Structure formats: C-alpha cells, structure tokens
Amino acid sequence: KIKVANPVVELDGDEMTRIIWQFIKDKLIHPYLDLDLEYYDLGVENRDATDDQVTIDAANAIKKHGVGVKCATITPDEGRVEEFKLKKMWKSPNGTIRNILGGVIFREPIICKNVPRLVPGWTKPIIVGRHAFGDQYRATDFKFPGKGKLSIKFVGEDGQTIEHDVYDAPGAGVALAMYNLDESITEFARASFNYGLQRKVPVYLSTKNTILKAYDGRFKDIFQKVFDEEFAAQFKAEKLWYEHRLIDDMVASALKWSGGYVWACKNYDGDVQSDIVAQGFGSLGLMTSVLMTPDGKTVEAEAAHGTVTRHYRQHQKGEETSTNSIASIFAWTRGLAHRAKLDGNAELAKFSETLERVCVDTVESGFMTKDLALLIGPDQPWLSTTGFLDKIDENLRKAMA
C-alpha cells in the first residue's frame, strides 16, 4: 500500500544472509510498499560470472539513485575459491563500493535492553563514524627481496616533485604506500560534525598524529579547521564539543565512558573499533552500517556481519534454522528512511521508524532468534528464522493499524 516514487538500488548477497534477505522482501517489504528495486546480484557467483563488473555497476547505480541497500556478502579466501570454482580470490565488493562512493560509514548498536552487555558501563550508544576512503584499503604493498633502498615519490602534473628515501633495508622484507585526500578528509569532518549536531552529541576524532605528523596531522588540522569554521557556533549553542585524542587515549576512554558521542575514525580504526563496540553492546548482529556520501545526497545501508555458513548448510539440507535477521531489516529500514527524506515521503519515513521500533520491541518482549536467546541464558526460548520474521510481520501490522 505505501507508494514509493523513486527506485532503491538493491545489492543481493550470499548464503544464509541471501535467504534471509529474500524472506525480508517477501514478507516485510513487498506486502507493504509499492517499490521499484534496481537489482544487482552481488552473490559471489554473479560477481565471478561478470568479473566483478556488477559491483561497479551497483556502486554507480547507488550514486545515480541516492539509495542502496546491501545484503551481506562473503569475502573469498583460498577455500572459498575451491568450493565455488572461482577464477580467483575476489576482494570484498565492499572495498570497491566504498572506494567509489567515499564518505563515512556510520556504525551504531541496535540496543535491546534484555541482551546482556559485555561492557556493563556502556549505557548510551557509541556511534563510530568510519572514514570510508583510502589508507590501508587502497594501499600498494609488496615484498622486497634483499638489501637495497626504498623510496617514495610524488610527481606533480606540472613536474613539481617530492621524493624521499624511506629505508636502507639490510635484508628482505615488506613495504607499503598508502594515501588519503584532503577533499575526502574535509568531507569526513563535515559528515561527522553534521551527524553529531543532528544526534545532539559531542564528536571525537582519533589519530596517531604524534607519530604520523604529516599524515595524521592532516586529519587533525582539517577537523579543527572545519569545526572552527563551520560548526563551533552551533555546537556551543547545543552545549556540545569537539575533541581530538590520540587513538590509544581514545580507545581506553571509550571503554571507560558511558557512550553518547560520535567517534570519527580513520578507515582502519573504524573497521576494527566498530567491531569491538558492537560486540561490547552484546552482538555483532545488532549494528547498523550506513555509508553517507560527501554531498549528503547518497546513502548505502548494509547488513555487515558474516553470511552465517553453519546455518546455510543446515538450510540447504532442508533442516530448520534460526538466523538473526535484525541487521538485514535495518539495512532496508535505513535505506528507506533516506529514500523518504529524498522524496519527502512522510508515510515511508514513518514505516521505517515503525519497523525499527518493532524489531527492538519484539526482542524486548521475549521473541528473538537463537543467537540472542543464547546470550540471555540457558532457559530463553527462541523462534526459528521464519518464525522470528512472522512475529515481526505480525507486530508490524499491529503497529501500522
């Protein structure tokens, strides 16, 4: 019944999350929304068959339509290569998508109060704003075979050159070059401070700028400049603040504080710290990850946990399973809230917010999948994969009426 005027780009995934994803469309999306989906299959078999062109097409379609929702995908190793007879070890589609879209990936716990915390002190959400571009994720790394000289060079388009000796190696080893871009750093600042202001919480940036004075100094300097120039008035008025901290200070502080801030993280730290944050609030499966592009026009919401292989086997052998589908639901729901914002579609916005509260309310009612049941204690019953979704469905009609 809810009419959606513009398309949403859908990136299909792998194994058990692919099955869950289809359950979600069949029960929670199509029966409630009149919705055009521009469909890309990022299953590993389609990526293989297309030599990974589908991933480029998908990223470009996201940039074109403004909204993408993405199902979890497996990242190949050697054994994945065997099992699927693949042409090679495909790199995660996520790296490619991030490289094209840029921006910031906002990660935050989906808090269900009956799920026990591993860090009891965390009583407010932590939001990690992971810089989505560069550093290790687009680096050039290689082995050097023995004694010799390593150097790095930049040549301007007008001939202007910088070149430095990096190491007089006394033996064989490994080297890497990585980079980032002032304009992407700038947009990382803007989105982090925009997200802070909007959530009404302070913003922290972690760096190692005492060691990487030029590289991490650039993040530190751009953040303070963007903050001073574009946000400090609004922050003062909302009684918020911005602070830069050394990464090793910030991570200890995060463990100890109660939460209630946006933590802007360089790509690598956002990758690693996001998982600690998620796990601390109680589960890798209870997190949103929403990439927001530099312009503010473009969003890609992802599930972002494993594709639950154990379960997929059981399901293939037509056995029963209970796979948590909450992170997948919230990929849809984060994508559709942005589709609503772009279209001015008040009924789609309310639909998103409502299905989000339903998920949290169902779990807090005592209706959840095995993985969550098991965290609560040995006695908590659980529903099956489709049993869980039917309950959400049932609650959602009730909520919507």
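In case it trips you up, residue 1 is the first one in the sequence shown, and so on.
Participant: Mean CA B-factor: is it higher for 46 to 54 or for 367 to 375?
Facilitator: Higher of the two, by average CA B-factor, is 367 to 375.
Participant: Give the stretch, out of 75 to 83 and 324 to 332, with the larger mean C-alpha temperature factor in the deposited entry.
Facilitator: Mean B over CA atoms: larger for 75 to 83.
Participant: From the list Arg339, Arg357, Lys70, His65, select the residue with the highest C-alpha B factor recorded in the entry.
Facilitator: Highest C-alpha B-factor among the listed residues goes to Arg357.
Participant: Identify, among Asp182, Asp269, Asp249, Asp295, the residue whose C-alpha carries the highest B-factor in the deposited PDB entry.
Facilitator: Comparing C-alpha B-factors across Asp182, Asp269, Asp249, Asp295, the top value belongs to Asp295.
Participant: Place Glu230 in the lowest, middle or highest third of its chain's C-alpha B-factors, as listed in the PDB entry.
Facilitator: Middle third.
Participant: Can you work out whether the C-alpha temperature factor of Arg190 puts it in the lowest, middle or highest third of the chain?
Facilitator: Lowest third of the chain for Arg190's C-alpha B-factor.
Participant: Using the temperature factors of the C-alpha atoms in this entry, rank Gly306 within its chain: lowest, middle or highest third.
Facilitator: Ranked within chain, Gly306 CA B lands in the highest tercile.
Participant: Going by the CA temperature factor in the PDB record, which third of the chain does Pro202 belong to: lowest, middle or highest?
Facilitator: Lowest third.
Participant: Please rank the C-alpha B-factors of the chain's modelled residues and tell me whether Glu238 sits in the lowest, middle or highest third.
Facilitator: Highest third - that is where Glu238 ends up once the chain's C-alpha B-factors are sorted.
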